[PDB]
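Residue numbers (my numbering), protein chains in the order written: chain F, 33 to 220; chain G, 33 to 220; chain E, 33 to 220; chain W, 33 to 220; chain L, 33 to 220; chain V, 33 to 220.
Every residue gets a Cβ at the ideal spot worked out from N, C-alpha and C, and that includes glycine.
Right, one structure below, let's go through it.
Protein chains: 6
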Amino acid sequence: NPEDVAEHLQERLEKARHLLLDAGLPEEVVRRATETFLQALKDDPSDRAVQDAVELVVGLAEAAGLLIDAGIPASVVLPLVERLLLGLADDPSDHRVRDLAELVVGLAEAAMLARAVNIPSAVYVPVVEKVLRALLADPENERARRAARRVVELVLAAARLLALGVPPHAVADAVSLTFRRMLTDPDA
Amino acid sequence: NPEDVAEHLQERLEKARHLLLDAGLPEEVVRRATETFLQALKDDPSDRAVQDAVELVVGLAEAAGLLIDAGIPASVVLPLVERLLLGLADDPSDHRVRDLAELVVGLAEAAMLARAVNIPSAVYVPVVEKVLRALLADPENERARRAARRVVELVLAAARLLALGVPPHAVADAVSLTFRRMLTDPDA
Amino acid sequence: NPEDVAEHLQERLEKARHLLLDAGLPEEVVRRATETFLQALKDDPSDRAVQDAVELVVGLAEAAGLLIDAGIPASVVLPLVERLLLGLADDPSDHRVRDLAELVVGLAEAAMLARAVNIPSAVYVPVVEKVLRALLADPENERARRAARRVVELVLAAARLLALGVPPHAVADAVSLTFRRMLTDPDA
Amino acid sequence: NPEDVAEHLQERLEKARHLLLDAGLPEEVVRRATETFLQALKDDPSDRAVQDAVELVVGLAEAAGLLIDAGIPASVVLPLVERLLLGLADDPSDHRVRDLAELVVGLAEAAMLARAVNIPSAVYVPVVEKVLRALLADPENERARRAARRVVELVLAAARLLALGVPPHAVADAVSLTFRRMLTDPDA
Amino acid sequence: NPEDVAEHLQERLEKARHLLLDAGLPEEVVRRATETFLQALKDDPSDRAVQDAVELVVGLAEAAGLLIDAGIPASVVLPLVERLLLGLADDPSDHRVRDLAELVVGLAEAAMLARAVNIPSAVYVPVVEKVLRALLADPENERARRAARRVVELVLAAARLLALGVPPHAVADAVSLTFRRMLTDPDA
Amino acid sequence: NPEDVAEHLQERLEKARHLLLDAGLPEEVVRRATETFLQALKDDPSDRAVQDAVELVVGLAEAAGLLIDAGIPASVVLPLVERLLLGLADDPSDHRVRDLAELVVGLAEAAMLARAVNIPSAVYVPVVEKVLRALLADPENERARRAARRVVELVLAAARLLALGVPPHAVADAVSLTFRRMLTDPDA
Ligand SMILES: [Zn+2]
Ligand SMILES: [Zn+2]
Ligand SMILES: [Zn+2]
Ligand SMILES: [Zn+2]
Ligand SMILES: [Zn+2]
Ligand SMILES: [Zn+2]
Ligand SMILES: [Zn+2]
Ligand SMILES: [Zn+2]
Ligand SMILES: [Zn+2]
Ligand SMILES: [Zn+2]
Ligand SMILES: [Zn+2]
Ligand SMILES: [Zn+2]
């Protein structure tokens, strides 16, 4: 129910504020964004756009911590998460900002799944770092968005290869070669 | 349960709309097809044909994005996906249309798996482009369907070679040679 | 778990029925065999012989399509698959019938892998055609079974040569010479 | 309601005292912490920090038992839980102590979920043992906290792989390889 | 209120006597235990130990019926419940006896919840049978108590995996694998 | 993981039993060896010697079939495989028996690769027949072991010549001459 989802999203928003504060974001930005989203939920709980924006905010709060723990420096994750949070707070129905937020959440999920499929950190951390740096440079750059989507597709293809019956070692070797090639060649 | 599957398919159908809207398809066609399928699910949730058609529609929605990201131009993917969507909307139990939709989804999956196997893009993108152009020319052409099925079988054979113990580099070399020959000669 | 494997096998059996109908088998034979196997699974899910027979049936359903797409005429594949399906349906624990079914599945897998190894179709399709014709002539002929097993071993030896470090072109040339000689001389 | 939550937390605190006594902690420490927290709840039921501290105390009481049952020796779990209990009792609003308690509760949950995922005990018990030993050595060590968070993320990624459609056996194999590498190298 | 709890426990004790008589326990033992507990409640209603013992007795009365219906033979449940009832009647404040009674009640609840999460009976009934046989052999055996606690934790981890978003089929498959391994290997 | 390897080796041992029964070995010997090895795996899964012996047994099970298909009579292969199986079953850590089993598996692999290299059967079958007859005569004869190792090295040198760039026909001619010389003179 829209009111029930609103209450659950307020709880998850408090948790997201805690996670963002622990990650390293400034207190003022987190406070402003969380207050704006909480007020938006309180005034119109039935609003779908606010609910989707809050879901994306919680996803980003988790993703920032996952990406910082993975190895990507906090000098490229924190500014990107700050800009995404501000953009979501301003216009909760700005399509490009939501697309970028889901791109970052998918990148964090792919980075956490590449470890599970036993891909070394030294081959996949550089690629995610490059993609995040390119996204931080110009948010509207289509090539960086394509690269992020291709990294997610590579991790999903590794999962599909595992499902097909290939031993985990062969899958890890092949996808590590693919990541090494993607480090230099864009269309690889 | 048929009603539970209907609800899950409604959610996946909404997600498939966005992705189709994101890909570049016209808004009117996507709206028409999605509304028709949602109404079909709502009236008769237990209908198996509608459920299979919705599954194929979601698969095509993901496949269009994967194929466009791979490198195949949107001038050959979008018309084909539009035709398949319209055919599925009209008759959700037209066997040839479902076969073609499954062929396109399998081609997208094969193109995504060829990257994980570390096959260069310049040798497999032309082959998928040619196959999709032949399919767009005449949907009932048996040679194009056979070529698509053979591409999928080649990717699966590369996976089987990886499982047999061949190093990934040798597998990539052999399958790249096979793709190069398939570019020129049909039965290659 | 035997019941879980049984349920998965019913799903794969429906898929196998679809594939066999697509291949060109008569509807009546496919319906009879599939209903018999489904009933056998439902009555005694824990039965190992029924599960093995259903696995062989799914393998044969895939193998028929692979062999028809490869180039072998449907006048030698469809009768053989029909006879194997009927034999499996009658006695799911007839050792010779299961051996022949695994021989056909292995022949299809070898034909699929010879393309990845980059062996031309014109050298390996005639040999598989001859082996399948000999098998269709007399199922109990030991020479035809030996020839099928030797074709599978030749493709596996090509994979082993690829693994040893021989370049793919040299492997293709040597195994093509071997296939050319196997066309004429039996112990080649 | 704050008073209702206070009553429920008093009941759970009695249960947690029983669990801690059964685990092997000294009677005096458990008694001291429990009476301090009960008095804090009684004087100011509406206090949020006391409620969060009591929730963490109950979580730790269950976590100690789960970790001891899993195989981790009581010589590394009991001192850590004792220190965490004393720290929570002293300052119920010390951010680092709550973070460490949440890390230990998450480690216990990950250890209990790795068994359900069907991960062998000999590959994950050593890693949790090493992480807990590092945490007991220096509580403020960031590397140990990062390692605990990475173990939790690995278990969650295994769950995500199960949700994607990979068979449980392949998931177990891949995540077991990841655990084996994490045993030796820190960023694995 | 202690007197109100005493009255409610007298009613539940009559119900528990009915359930124990239905299960198959001898009339004399049930009569003796119920009369002793009823007299203890009547003389000192405010006594906490008697109330806890009566609660455990009602739990055991339900647990015996649940375990017998589950499939575990009455030759291993009835002697264990008889010994537990006699021990509770003799000293209602014997810590080990209450711990064993709670272990049996938790085992019954785990066996009841394993069916809800769709785990086949043939994989979990043998494990509970083995645990109960080991407990009947030597009540003070720590390995059997650890095994019972681990079975309860496995069912709770299955519930947590359901809560995380894994489909019920994958959860059932993974926990069934875990149960099959627990059948042989004690630390599985 | 040792338990995972034990389970995989149990499955491969069942497959090896099937292959050995198909080859022509007596049922009693195959059953005895297989049950002994299965029990050894079950009691101590972590044992390395048992795992190596099971791997050698599977290799021998495949090698017997390959050698019989190649043309070598079953009167010299089946007794040798029987003796090797019994020796491995008795002491799974007897160095000489493992060396002889590895020699036979290598001879089968060399005979399989000599066909791919396109060496006629009439020049290499007699040499393998003579080597296997000498090995069956006296297992500890060093000359027969040296001859088997030299056959394997000749096939590997043919593969190396193919890798160097020599045309396959010249390689086949040179190695056929070498095999003809080896037929008569021992150090040829
Ligand atoms: Zn709610
Ligand atoms: Zn549902
Ligand atoms: Zn979008
Ligand atoms: Zn299942
Ligand atoms: Zn079809
Ligand atoms: Zn209440
Ligand atoms: Zn914190
Ligand atoms: Zn009352
Ligand atoms: Zn009754
Ligand atoms: Zn206790
Ligand atoms: Zn495994
Ligand atoms: Zn057989």
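Pick helix, strand or coil for residue i, following the three-state DSSP scheme.
i	result
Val198 (chain W)	coil
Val157 (chain V)	helix
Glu172 (chain F)	coil
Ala146 (chain V)	helix
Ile100 (chain V)	helix
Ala65 (chain F)	helix
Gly56 (chain L)	coil
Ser78 (chain E)	coil
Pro34 (chain V)	helix
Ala133 (chain F)	helix
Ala220 (chain W)	coil
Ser125 (chain F)	coil
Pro111 (chain F)	helix
Show which residues of chain G have a CB atom less than 8 Å away from the CB atom of residue i.
i	result
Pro199 (chain F)	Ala195
Name the chain L residues that come within less than 7 Å of residue i, Cβ to Cβ?
i	result
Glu35 (chain E)	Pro152
Is any heavy atom in ligand 7 found nearer than 7 Å to the beta carbon of residue i?
i	result
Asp84 (chain W)	no
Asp54 (chain F)	yes
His127 (chain F)	no
Measuring from the CB of residue i, is there a heavy atom of ligand 2 at a distance below 7 Å?
i	result
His201 (chain L)	no
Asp36 (chain G)	yes
residue 9 (chain G)	Since the first residue of chain G shown is 33 and the last is 220, residue 9 (chain G) is not available in this structure.
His40 (chain G)	yes
Determine the chain E residues that contact residue i at a beta-carbon separation under 8 Å, and present them in chain order.
i	result
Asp101 (chain V)	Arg178, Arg181, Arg182, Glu185
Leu132 (chain V)	Correct list: empty, because the minimum Cβ distance to chain E is about 22 Å.
Determine the chain E residues that contact residue i at a beta-carbon separation under 7 Å, and present them in chain order.
i	result
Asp205 (chain L)	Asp36
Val149 (chain V)	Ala206
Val160 (chain L)	Under the 7 Å cutoff, chain E gives no residues; its nearest Cβ is about 17 Å from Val160 (chain L).
Under 7 Å Cβ-Cβ, which residues of chain W neighbour residue i?
i	result
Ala191 (chain F)	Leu193, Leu196, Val198
Note down, in chain order, every chain V residue with its Cβ under 7 Å from the Cβ of residue i.
i	result
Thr210 (chain E)	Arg147, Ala148, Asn150
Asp219 (chain E)	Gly103, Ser153
Determine the chain F residues that contact residue i at a beta-carbon separation under 8 Å, and present them in chain order.
i	result
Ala166 (chain W)	The contacting residues do not exist; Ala166 (chain W) stays about 16 Å from chain F at best.
Quick check: does the Cβ of residue i come within less than 7 Å of any heavy atom belonging to ligand 3?
i	result
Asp131 (chain F)	yes
Is residue i near ligand 4, judged by its Cβ being under 7 Å from some heavy atom?
i	result
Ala189 (chain L)	no
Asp205 (chain L)	yes
For a contact meaning CB atoms closer than 8 Å, what does residue i contact in chain W?
i	result
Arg213 (chain L)	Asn150
Contact residues within the segment 71-98 of chain W, judged by C-beta distance below 9 Å to chain L: Within the segment 71-98 of chain W, the qualifying residues are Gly97, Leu98.
Against chain G, which members of the segment 112-141 of chain F pass a CB distance test of less than 7 Å? Those residues of the segment 112-141 of chain F that come within reach of chain G (Cβ to Cβ, closer than 7 Å) do not exist; the list is empty.
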